[PDB]
Amino acid sequence: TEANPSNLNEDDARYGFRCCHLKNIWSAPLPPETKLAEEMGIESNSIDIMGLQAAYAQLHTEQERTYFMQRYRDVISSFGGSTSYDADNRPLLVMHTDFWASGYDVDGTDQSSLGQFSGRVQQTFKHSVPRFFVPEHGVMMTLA
Amino acid sequence: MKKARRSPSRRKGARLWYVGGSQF
Amino acid sequence: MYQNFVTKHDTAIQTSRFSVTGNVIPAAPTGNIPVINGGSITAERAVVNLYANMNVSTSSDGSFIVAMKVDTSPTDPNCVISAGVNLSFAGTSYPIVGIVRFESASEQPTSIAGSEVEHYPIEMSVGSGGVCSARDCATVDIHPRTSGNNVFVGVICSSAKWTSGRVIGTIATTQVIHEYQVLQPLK
Amino acid sequence: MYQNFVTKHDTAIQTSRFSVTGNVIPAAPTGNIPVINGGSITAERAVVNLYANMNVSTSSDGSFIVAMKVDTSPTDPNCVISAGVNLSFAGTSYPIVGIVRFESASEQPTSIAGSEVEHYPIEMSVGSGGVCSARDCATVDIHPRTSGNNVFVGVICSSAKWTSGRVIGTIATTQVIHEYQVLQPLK
Amino acid sequence: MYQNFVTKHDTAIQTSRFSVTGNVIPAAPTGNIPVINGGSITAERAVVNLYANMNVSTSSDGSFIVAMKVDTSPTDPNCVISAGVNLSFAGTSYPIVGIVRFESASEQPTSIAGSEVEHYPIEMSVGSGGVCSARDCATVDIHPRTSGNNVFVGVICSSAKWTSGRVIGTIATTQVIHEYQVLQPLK
Amino acid sequence: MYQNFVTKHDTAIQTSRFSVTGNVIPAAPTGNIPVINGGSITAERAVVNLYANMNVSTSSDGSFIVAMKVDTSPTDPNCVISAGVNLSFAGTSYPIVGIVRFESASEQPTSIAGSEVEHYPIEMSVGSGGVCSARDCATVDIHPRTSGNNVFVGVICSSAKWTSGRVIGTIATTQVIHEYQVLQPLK
Amino acid sequence: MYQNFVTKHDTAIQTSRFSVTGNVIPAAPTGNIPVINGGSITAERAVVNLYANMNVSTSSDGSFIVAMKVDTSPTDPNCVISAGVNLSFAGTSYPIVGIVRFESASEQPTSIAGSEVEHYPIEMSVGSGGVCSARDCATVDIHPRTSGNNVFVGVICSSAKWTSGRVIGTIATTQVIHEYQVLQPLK
């Protein structure tokens, strides 16, 4: 929530924010506040089995939310409904491309560099956005 | 030696990562 | 920065060493130059350690030699011979060094007539009154010119006017027929 | 002009430093050479700063050593070892330097018998009566020759005739198993 | 013959110059080394001209520094720093030089505690009693190690025993982040 | 071995020569440095032969210059300027050399104010009390900075304390805008 | 490490040798420089051995030359000429060396007028009061400039103030028109 580009720090402002590593077991853990146990109160000597039933149901709603419905839009999708991008002010994703960056090695050829190599990665790529209709004034930003 | 440079996608199978929502 | 892996002289490793002590009587080229070796190494890998006394009994000017025998196996006409010297003299005499070649039917020459020695000048790093240092090499034909002799090579140390006193250092020398393999971090 | 990015010796960066003060009693090779280190660094990255007094209590001629422990991890038989020295002596003694190798079961050798030291001569930049400077390297086998010892390497400073007085400078030395990355404007 | 276009140090062109006059009071590392600059240039392009008097008011042995501020813009961890010195001293003192790195929250450090200075030894071309010359470089981490300081680099000149007298020469030094383009007749 | 065809300085061939005799009165930078030339060559190919008497009439410390005019034809911003000097002085003065650049509306400057001279330090091969030798080069902007002047370049020789006496040697210097073709046996 | 197979000067092998003895009377450039050769070799492969007495009968300052005749067969305009010298003088005189070119209708010039000698300065390794050493080369036009003469090249040794005494060393010099083949272990 920085208010001005001037509230950003050296690195961020010049290179952009940092993003998440590709997903793996250690970089895609369940949200840190994930419940590991759900307590349910009980009268000194008895337990309301009907309440216990509700308790679970309630928990279920809580979990679903924590695990994958943390964003309003996703909760509404949960019900089988939908939301315009104006509903939560989300930028509209118009096109997403992804590709691997490969290249070649350069062979060292002098007395000491003979048998050495330097990797030069150089990948060509196309990123094409199909004719899009702009309903209101604004910006079309493309990032990498 | 094309695939050998790029770590697999693990696209086969079901969903593994629940992290609260969509994360690029 | 990048490490420089090429050198003009590579000192032998763990082998061909010998320590020379006592007196060293330099001589003029008109006479017989002292080859301060009886335990003359020869993989033409040699490291001689000096901790002797430079004594002017004979001539006041002259030179002495540290030699090593050349391996004549190679079919190549001639190969490179590098030397690395560091000598500190107690008495100002302005040492001077260089590579030499001489033959002898003997296996362990104790001295060699100056007229029988061939010279090969080298980049001399330092030549102060008290210390001479150099690390360089020269091209030398390695096959015996006179059928039946052994070929010796080594560095010679001379002076226009020596001064009795202690001398200390190292005279290393090698015939290149092998380049010591070395760890290069980027390969 | 184009900048020269290759060097014979690259001094450690921000690490492995130590300052040596007090007296330094050089010794003859027949005895035990002083290893003026108890805080012997060892990423075989070492920078020793000298601001001591060269004292001739024992012998008038001899030498002292600045050592650092070798990393024996590499499977490579031997790697390069560079040193960079700059020493100004108050009393004319014509210093002389060189790389050395010696083993010891001890982790912090305070001295080493001269007979146990191996020599490797190097291009000595300057060797005036009062200052010796050099920046060079040599090839050295890095694995312990006698099962159970630690391998040390370093530069040794000798003299044919020392002179009591102050000495000041820097003795840097490193085993190349990493080449420091550097900004090259044209890449 | 072919012209050699690569060099270990490239002196700044038409910029970053300053002349130092008056007295220069060298100091021991136990104290605060004199940074004979208030007009400390910094494109880490610096050419300091010396025409002063080496005065031994404080210690008889010690050193002084000529510094320049490092440009910390580069994202590269560390870059090369070259220096080129030529100093003739009237009084035999056997100068000695080297590159140094030290930080300071101050923009124009007048002196720096010896304990806060880091050393980088260099190939010293000459080291006679009256003149020291060198043109070399070293690798140095360029980012401030202690958040909030400025990083300085420069050459330091020391001596085991200074001698009051005039000194004259040039202390040039630069951080390589640009290689000066040059006319090469065959391209 | 293979012949090294690249050099830091290539002396002019058969041209641009001049012999300087008589007295040479060195001066301090606060004054006007002597440009011991009226017959100043300029293909920025210059070979000046010295056989004069170093005379200390003015200051006891100072310097003199040997200059040559730069060809400003090249559209290239700046080109390399090499010099090769060998000077033996009768009186110990510990010479010191370097490349310099200075402008002047005059075609044959007899002297130049020290404040108008720009310095470029160079690897000085030797700097004994009696002889200075060097063969190196530096990058210099070749176009006149002040519209209407001529650009001069050359080597300057200074000293902290000169000594009246004879001086003999050669001061060669050239601006590289041509690399002399040479016979290379293997091409 | 890797062996360095390129050199600035390659001394002739087994040929073109000669020993010079007796007195050597240096002379000033205003007169006729001594060409201490009658047995002047010329495959422009020359190795002259010195064991003479530097005698100051004529001038107290001056120089002498060691020459060798140039092979003018090559159609190439000019080729490289390397020299390698090592001279220790008994009397402090601060020698100085360099390559020279001069023509003469004579086959064995005993001396050459200083005005007829052309100079080519070279990287001088050492220039102490008692010893001069150098191993370098220079580019020289090899064809006779005056129809009918022979072209000579060689090294000249000068001094600002000579000192009667013994001199000893080697003056090697060669015109590169052949690079001596050498065993390179990795080919």
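The rules we used
Residues numbered from 1 in each chain as written, not as in the entry; some residues may be left out. Chains lettered and ligands numbered in written order. Part of a larger assembly, values for the part shown. Heavy atoms only, no water. Helix = DSSP H or I, 4+ residues; strand = E, 2+ residues; numbered from the N terminus. Rg over C-alpha atoms; globule rule 2.2 N^0.38 Å. Buried < 20%, exposed > 50% of the residue type's maximum accessible area, 1.4 Å probe, protein only. Contact = heavy atoms within 4.5 Å. Areas by Shrake-Rupley, 256 points an atom, 1.4 Å probe, with all protein chains shown as cover. Pairing = 2+ DSSP bridges. Core = buried A, V, L, I, M, F, W, Y, C linked by side-chain atoms within 4.5 Å. Buried area = accessible area lost by both parts, 1.4 Å probe. Salt bridge = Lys/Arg side-chain N within 4 Å of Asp/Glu carboxyl O. Axes fitted to C-alpha atoms, helices over the stretch in contact; angles between N-to-C directions. Polar contact = N/O pair within 3.5 Å; in protein donor to acceptor, adjacent residues only side chain to side chain. Expected span 1.5 Å × (residues − 1). Arc of directions from axis to C-beta. Least-squares fit on C-alpha atoms.

Peer 1: If you had to explain the overall build of chain C to someone new, which residues and values would you point to?
Peer 2: Counting its regular elements, chain C contains zero helices and 14 strands. Helices and strands in chain C line up, N terminus first, as β-β-β-β-β-β-β-β-β-β-β-β-β-β. Radius of gyration (C-alpha) of chain C: 16 Å, near the 16 Å computed for a compact globule of 187 residues. Seen along its three principal axes, the alpha-carbon backbone of chain C occupies a region of about 55 × 45 × 25 Å. When the 187 residues of chain C are sorted by exposure, 67% land in the buried category. Residue pairs at least 24 apart in sequence account for 87% of intrachain contacts in chain C once pairs closer than 6 positions are excluded. A total of about 5700 Å² of accessible surface is found on chain C, and carbon and sulfur atoms cover 48% of it.

Peer 1: An account of the sheet that holds strand β5 (residues 45–54) of chain G is needed here, citing residue identities and associated values.
Peer 2: All names here are of chain G. If you walk across this open sheet you meet the six strands as β3-β5-β14-β7-β12-β11, and the pairing is mixed. This sheet does not close on itself; its edge strands, each paired only once, are β3 (17–24) and β11 (126–127). Of the pairings in the sheet, the one linking β3 to β5 comprises eight bridges and is parallel in character. Across the sheet, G22 pairs through a bridge with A52, a residue of β5.

Peer 1: Tell me what's going on with the nonpolar core, and back it up with residues and numbers.
Peer 2: The biggest cluster of nonpolar side chains holds 39 residues, and the ones touching the most others in it are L50, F64, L87, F89, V97 and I99 of chain F. Of the residues forming this core, the biggest block, six residues, is contributed by strand β7 (residues 78–89) of chain F. Aside from chain neighbours lying at most four places away, what touches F89 of chain F is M54, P95, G130, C132, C157, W162, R166 and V167 of chain F together with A160 of chain G.

Peer 1: Which residues make up the interface of chain D and chain C, and what values do they have?
Peer 2: At the interface, 53 residues of chain D touch 39 residues of chain C. A combined buried area of about 3800 Å² lies between chain D and chain C, and 57% of that area is made up of carbon and sulfur atoms. When the buried surface of chain D facing chain C is broken down by residue, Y94, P121 and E179 of chain D rank first, second and third, together holding 19% of it. Counting across the interface, chain D meets chain C through three salt bridges.

Peer 1: Give me the arrangement of the chains: which residues, what numbers.
Peer 2: What separates chain B from chain D at the closest point of their C-alpha atoms is a distance of 24 Å, and the two make no contact. Between chain B and chain E there is no contact; the minimum C-alpha to C-alpha separation amounts to 26 Å.

Peer 1: Lay out the sheet that holds strand β8 (residues 96–104) of chain E with the relevant residues and their values.
Peer 2: Within a sheet, each strand pairs with its neighbour through backbone hydrogen bonds, oriented either parallel or antiparallel. All names here are of chain E. Taken in spatial order, the four strands of this open sheet run β6-β13-β8-β10, and their pairing is antiparallel. A strand with exactly one partner marks an edge of an open sheet, and here the two such strands are β6 (62–69) and β10 (118–120). With strand direction ignored, the average angle separating the axes of adjacent strands in the sheet is 30°. Here β8 pairs with β10 via three bridges, running antiparallel. In the sheet register, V100 faces β10, and the bridge partner there is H119.

Peer 1: Just give me the short version of the side chain of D136 of chain F, but keep the residues and values in it.
Peer 2: Within the secondary structure layout, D136 of chain F lies in strand β12 (residues 131–141). Polar contacts involving the side chain of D136 of chain F include one to the side chain of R135 of chain E, which spans 2.5 Å. With residues up to four places along the chain from it excluded, the contact list for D136 of chain F reads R135 of chain E together with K8, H9, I81, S82, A83, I122 and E123 of chain F.

Peer 1: Please provide a residue-by-residue account of unusual backbone geometry, values included.
Peer 2: With a phi close to 65°, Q14 of chain C is a non-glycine residue in the positive phi region. Following the sequence through the fold, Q14 of chain C ends up in the loop between β2 (6–7) and β3 (17–24). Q14 of chain C gets classed as partly exposed once you look at its relative accessible area, which sits at 45%. A positive phi angle is found at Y94 of chain G, which is not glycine, with a value near 50°. Tracing the backbone shows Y94 of chain G in the loop between β7 (78–89) and β8 (96–104).

Peer 1: Kindly report on helix α2 (residues 49–68) of chain A, identifying the contributing residues and their values.
Peer 2: Residue and element names in this part refer to chain A. Here α2 contains 20 residues, and its C-alpha end-to-end distance of 29 Å stays within 8% of the 28 Å for a straight helix at 1.5 Å per residue. Taken together, the buried positions of α2 are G51, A55 and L59. Projection of α2 onto a plane perpendicular to its axis shows the buried side chains occupying an angular sector of 75°, all on one side. Of the exposed residues in α2, the ones pointing more than 90 degrees away from its buried face are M50, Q53 and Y56. For α2, the N-terminal cap is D48; the gap from its side-chain oxygen to the backbone nitrogen of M50 is 2.9 Å.

Peer 1: Break down the relation of the copies chain D and chain C for me, citing the residues and quoting the values.
Peer 2: Rotating chain D by 72° about the axis while translating it 0.0 Å along that axis superimposes it on chain C, leaving an RMSD of 0.0 Å. A rotation of that kind, with that shift, is consistent with a five-fold axis. Interface overlap between copies: only 17% of the residues of chain D at the interface are likewise at the interface in chain C, consistent with a contact formed by different surfaces.

Peer 1: Outline the environment of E118 of chain G, listing residues and values.
Peer 2: As for its placement among the helices and strands, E118 of chain G is situated in strand β10 (residues 118–120). The spatial distance from the C-alpha of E118 of chain G to the C-alpha of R101 of chain G is 5.1 Å, given a sequence separation of 17 residues. With residues up to four places along the chain from it excluded, the contact list for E118 of chain G reads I13, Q14 and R17 of chain F together with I99, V100, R101 and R145 of chain G. For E118 of chain G, the side chain forms a polar contact with the side chain of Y120 of chain G, separated by 2.5 Å.

Peer 1: Hey, could you go over the pairing of strand β6 (residues 62–69) of chain G for me, with residue numbers and the actual values?
Peer 2: All names here are of chain G. The buried fraction of β6 amounts to seven of the eight residues, a majority that puts the element mostly inside the structure. Here eight bridges tie β6 to strand β13 (residues 150–159), and the two strands are oriented antiparallel to one another. Among the inter-strand pairings, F64 is bridged to a residue of β13, identified as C157.

Peer 1: Can you lay out the pairing of strand β8 (residues 96–104) of chain C for me, pointing to particular residues and giving the numbers?
Peer 2: Put simply, side chains in a regular strand alternate between the two faces of the sheet. Residues and elements named next belong to chain C. Of all nine residues making up β8, nine are buried, and the element is well covered by its neighbours. Of the two faces of β8, the one lined by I96, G98, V100, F102 and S104 and the one lined by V97, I99, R101 and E103 are each fully buried. As paired elements, β8 and strand β13 (residues 150–159) share nine bridges and run antiparallel to each other. Note that in β13 the partner of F102 across the bridge is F152.

Peer 1: So what's going on with the environment of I112 of chain E? Which residues, and what values?
Peer 2: Residues and elements named next belong to chain E. With respect to the helices and strands, the residue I112 is situated in strand β9 (residues 111–113). Residue classification places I112 among the buried residues on the basis of a relative accessible area of 8%. On a C-alpha basis, the gap between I112 and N149 in space is 13 Å, while along the polypeptide they are 37 residues apart. If we skip the residues at most four places from it in the chain, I112 touches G31, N32, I33, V35, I65, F102, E103 and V117.

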